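work.txt (compact mmCIF, C-alpha atoms) appears below.
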```txt
# COMPACT_ATOMS: atom_id res chain seq x y z
CA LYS I 1 -41.74 63.71 -54.12
CA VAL I 2 -40.09 60.38 -53.37
CA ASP I 3 -39.87 59.28 -49.73
CA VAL I 4 -36.57 59.97 -48.04
CA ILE I 5 -35.20 57.07 -46.04
CA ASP I 6 -34.82 58.48 -42.55
CA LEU I 7 -31.99 56.59 -40.90
CA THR I 8 -30.05 59.53 -39.53
CA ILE I 9 -29.07 59.21 -35.88
CA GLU I 10 -31.38 61.85 -34.42
CA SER I 11 -34.89 60.51 -33.98
CA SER I 12 -35.52 57.03 -32.60
CA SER I 13 -36.94 55.43 -35.74
CA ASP I 14 -34.74 52.35 -36.19
CA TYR H 21 -28.49 66.17 -43.36
CA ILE H 22 -27.08 64.84 -46.63
CA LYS H 23 -29.50 63.27 -49.10
CA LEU H 24 -28.33 60.61 -51.53
CA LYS H 25 -30.41 59.26 -54.41
CA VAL H 26 -30.81 55.49 -54.66
CA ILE H 27 -31.35 54.22 -58.19
CA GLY H 28 -33.08 50.88 -58.60
CA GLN H 29 -33.25 48.62 -61.65
CA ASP H 30 -37.02 49.07 -61.71
CA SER H 31 -36.38 52.69 -62.75
CA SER H 32 -36.81 54.28 -59.34
CA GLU H 33 -35.06 57.14 -57.59
CA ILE H 34 -35.46 56.97 -53.83
CA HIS H 35 -34.23 59.71 -51.49
CA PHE H 36 -31.85 58.56 -48.77
CA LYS H 37 -31.23 60.79 -45.77
CA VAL H 38 -27.73 60.07 -44.46
CA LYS H 39 -25.81 61.68 -41.61
CA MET H 40 -22.29 62.97 -42.21
CA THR H 41 -20.55 61.11 -39.36
CA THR H 42 -22.61 57.94 -39.26
CA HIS H 43 -20.97 54.74 -40.49
CA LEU H 44 -22.42 53.60 -43.82
CA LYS H 45 -22.56 50.15 -42.21
CA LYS H 46 -25.67 51.23 -40.34
CA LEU H 47 -27.21 52.93 -43.37
CA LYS H 48 -26.68 49.87 -45.57
CA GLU H 49 -28.17 47.30 -43.17
CA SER H 50 -31.14 49.46 -42.19
CA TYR H 51 -31.96 50.14 -45.85
CA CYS H 52 -31.96 46.40 -46.57
CA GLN H 53 -34.50 46.01 -43.78
CA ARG H 54 -36.66 48.71 -45.37
CA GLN H 55 -36.47 46.74 -48.62
CA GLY H 56 -37.54 43.59 -46.83
CA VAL H 57 -34.37 41.56 -47.31
CA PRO H 58 -31.37 40.63 -45.10
CA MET H 59 -28.04 42.44 -45.39
CA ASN H 60 -25.27 41.31 -47.79
CA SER H 61 -27.97 40.43 -50.33
CA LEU H 62 -27.58 43.73 -52.15
CA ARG H 63 -24.44 45.60 -53.13
CA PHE H 64 -24.20 49.39 -53.03
CA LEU H 65 -22.23 50.87 -55.90
CA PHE H 66 -20.75 54.35 -55.84
CA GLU H 67 -19.00 55.47 -59.03
CA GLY H 68 -18.62 51.78 -59.86
CA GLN H 69 -16.90 50.86 -56.61
CA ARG H 70 -18.78 48.95 -53.94
CA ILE H 71 -19.47 50.85 -50.74
CA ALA H 72 -17.75 49.02 -47.91
CA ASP H 73 -19.45 48.67 -44.53
CA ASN H 74 -16.50 50.43 -42.90
CA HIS H 75 -16.99 53.54 -45.04
CA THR H 76 -18.36 57.00 -44.31
CA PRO H 77 -19.77 59.85 -46.49
CA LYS H 78 -16.69 61.88 -45.52
CA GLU H 79 -14.49 59.74 -47.75
CA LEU H 80 -14.95 58.81 -51.43
CA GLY H 81 -16.42 62.24 -52.04
CA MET H 82 -20.13 61.95 -51.31
CA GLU H 83 -22.14 65.10 -51.94
CA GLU H 84 -25.75 66.25 -51.76
CA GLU H 85 -28.03 64.90 -54.50
CA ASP H 86 -25.49 62.15 -55.14
CA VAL H 87 -26.32 58.95 -56.99
CA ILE H 88 -25.94 55.49 -55.49
CA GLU H 89 -26.78 52.23 -57.26
CA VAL H 90 -28.02 49.00 -55.68
CA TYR H 91 -27.89 45.52 -57.20
CA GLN H 92 -28.50 41.98 -55.99
CA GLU H 93 -25.53 39.75 -55.21
CA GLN H 94 -25.24 36.43 -57.06
CA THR H 95 -25.10 34.53 -53.77
CA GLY H 96 -28.32 36.16 -52.64
CA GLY H 97 -26.88 37.02 -49.26
```

As structure tokens, how would this structure be written, given the file I've shared?
Amino acid sequence: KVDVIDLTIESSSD
Amino acid sequence: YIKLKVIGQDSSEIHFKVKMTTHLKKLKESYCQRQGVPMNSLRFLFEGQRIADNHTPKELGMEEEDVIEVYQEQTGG
């Protein structure tokens, strides 16, 4: 599967 | 969360996890960073219309498994 860009405000990954 | 599909010109379909309440402004800029380029260099097209920074998935009519296109601006950003 293609990677999903995680940018949702939930986990500190920005 | 809502997942949108980003279609590139290099024939690619990337999954984009967006949050229904988060300003697309943040999604757009952060995605540019993931690409490795500054913001305003690429334009996000939804149904032909460009996705404004001050837009949200609540408007326009964004759904799950949606399709969003990305192209490079003539100015380069």

inquiry  = as JSON, numbers by chain, could you give me every residue of chain I near chain H (at most 7 Å apart, counting all atoms listed in the file)?
reply    = {"I": [2, 3, 4, 5, 6, 7, 8]}

Using all atoms listed in the file, determine which residues lie at most 8 Å from segment 84-94 of chain H, disregarding the query and same-chain residues fewer than 2 positions distant; provide the list as an mmCIF file with C-alpha atoms, in the coordinates of the input.
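Final output, result.cif:
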```
data_model
loop_
_atom_site.group_PDB
_atom_site.id
_atom_site.type_symbol
_atom_site.label_atom_id
_atom_site.label_comp_id
_atom_site.auth_asym_id
_atom_site.auth_seq_id
_atom_site.Cartn_x
_atom_site.Cartn_y
_atom_site.Cartn_z
ATOM 1 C CA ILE H 22 -27.080 64.840 -46.630
ATOM 2 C CA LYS H 23 -29.500 63.270 -49.100
ATOM 3 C CA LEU H 24 -28.330 60.610 -51.530
ATOM 4 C CA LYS H 25 -30.410 59.260 -54.410
ATOM 5 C CA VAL H 26 -30.810 55.490 -54.660
ATOM 6 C CA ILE H 27 -31.350 54.220 -58.190
ATOM 7 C CA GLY H 28 -33.080 50.880 -58.600
ATOM 8 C CA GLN H 29 -33.250 48.620 -61.650
ATOM 9 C CA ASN H 60 -25.270 41.310 -47.790
ATOM 10 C CA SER H 61 -27.970 40.430 -50.330
ATOM 11 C CA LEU H 62 -27.580 43.730 -52.150
ATOM 12 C CA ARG H 63 -24.440 45.600 -53.130
ATOM 13 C CA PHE H 64 -24.200 49.390 -53.030
ATOM 14 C CA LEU H 65 -22.230 50.870 -55.900
ATOM 15 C CA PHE H 66 -20.750 54.350 -55.840
ATOM 16 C CA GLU H 67 -19.000 55.470 -59.030
ATOM 17 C CA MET H 82 -20.130 61.950 -51.310
ATOM 18 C CA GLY H 96 -28.320 36.160 -52.640
ATOM 19 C CA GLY H 97 -26.880 37.020 -49.260
#
```

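Reported to one decimal place, the separation of atom CA of residue 59 of chain H from atom CA of residue 12 of chain I is 20.8 Å.
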
A straight line from atom CA of residue 76 of chain H to atom CA of residue 58 of chain H spans 20.9 Å

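If you look at atom CA of residue 95 of chain H and atom CA of residue 45 of chain H, they are 19.6 Å away from each other.
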
Output, as lines of an AutoDock Vina configuration file, the centre and edge lengths in Å (one decimal) of the axis-aligned box that contains all listed atoms of segment 43-60 of chain H with 4 Å of margin on each side.
```
center_x = -29.3
center_y = 47.7
center_z = -44.5
size_x = 24.6
size_y = 22.1
size_z = 16.3
```

Kindly complete chain I to N, CA, C and O atoms; the output should be written as a tab-separated table (two decimals), in the coordinates of the input.
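Saved result, part_10.tsv, follows:
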```
chain	number	residue	atom	x	y	z
I	1	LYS	N	-43.17	63.99	-54.34
I	1	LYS	CA	-41.74	63.71	-54.12
I	1	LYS	C	-41.56	62.30	-53.60
I	1	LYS	O	-42.47	61.73	-53.00
I	2	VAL	N	-40.38	61.73	-53.83
I	2	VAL	CA	-40.09	60.38	-53.37
I	2	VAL	C	-39.78	60.42	-51.88
I	2	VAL	O	-39.26	61.42	-51.37
I	3	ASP	N	-40.12	59.35	-51.17
I	3	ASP	CA	-39.87	59.28	-49.73
I	3	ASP	C	-38.38	59.22	-49.45
I	3	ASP	O	-37.63	58.53	-50.14
I	4	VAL	N	-37.95	59.95	-48.43
I	4	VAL	CA	-36.57	59.97	-48.04
I	4	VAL	C	-36.38	59.00	-46.88
I	4	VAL	O	-37.08	59.08	-45.87
I	5	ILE	N	-35.47	58.07	-47.06
I	5	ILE	CA	-35.20	57.07	-46.04
I	5	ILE	C	-34.54	57.71	-44.83
I	5	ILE	O	-33.37	58.08	-44.88
I	6	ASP	N	-35.32	57.87	-43.77
I	6	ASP	CA	-34.82	58.48	-42.55
I	6	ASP	C	-34.10	57.45	-41.70
I	6	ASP	O	-34.73	56.61	-41.06
I	7	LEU	N	-32.78	57.51	-41.70
I	7	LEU	CA	-31.99	56.59	-40.90
I	7	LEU	C	-30.90	57.35	-40.17
I	7	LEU	O	-29.96	56.77	-39.63
I	8	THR	N	-31.02	58.67	-40.18
I	8	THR	CA	-30.05	59.53	-39.53
I	8	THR	C	-30.19	59.44	-38.02
I	8	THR	O	-31.30	59.51	-37.49
I	9	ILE	N	-29.06	59.30	-37.33
I	9	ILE	CA	-29.07	59.21	-35.88
I	9	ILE	C	-29.49	60.55	-35.27
I	9	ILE	O	-28.68	61.46	-35.09
I	10	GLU	N	-30.78	60.66	-35.00
I	10	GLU	CA	-31.38	61.85	-34.42
I	10	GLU	C	-32.67	61.45	-33.71
I	10	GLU	O	-32.79	61.56	-32.49
I	11	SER	N	-33.61	60.96	-34.50
I	11	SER	CA	-34.89	60.51	-33.98
I	11	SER	C	-34.87	58.99	-33.87
I	11	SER	O	-34.31	58.31	-34.73
I	12	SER	N	-35.47	58.47	-32.82
I	12	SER	CA	-35.52	57.03	-32.60
I	12	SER	C	-36.53	56.38	-33.55
I	12	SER	O	-37.69	56.20	-33.21
I	13	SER	N	-36.07	56.03	-34.75
I	13	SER	CA	-36.94	55.43	-35.74
I	13	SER	C	-36.35	54.16	-36.35
I	13	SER	O	-36.78	53.71	-37.41
I	14	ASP	N	-35.35	53.57	-35.69
I	14	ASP	CA	-34.74	52.35	-36.19
I	14	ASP	C	-35.36	51.12	-35.51
I	14	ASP	O	-36.42	50.65	-35.91
```
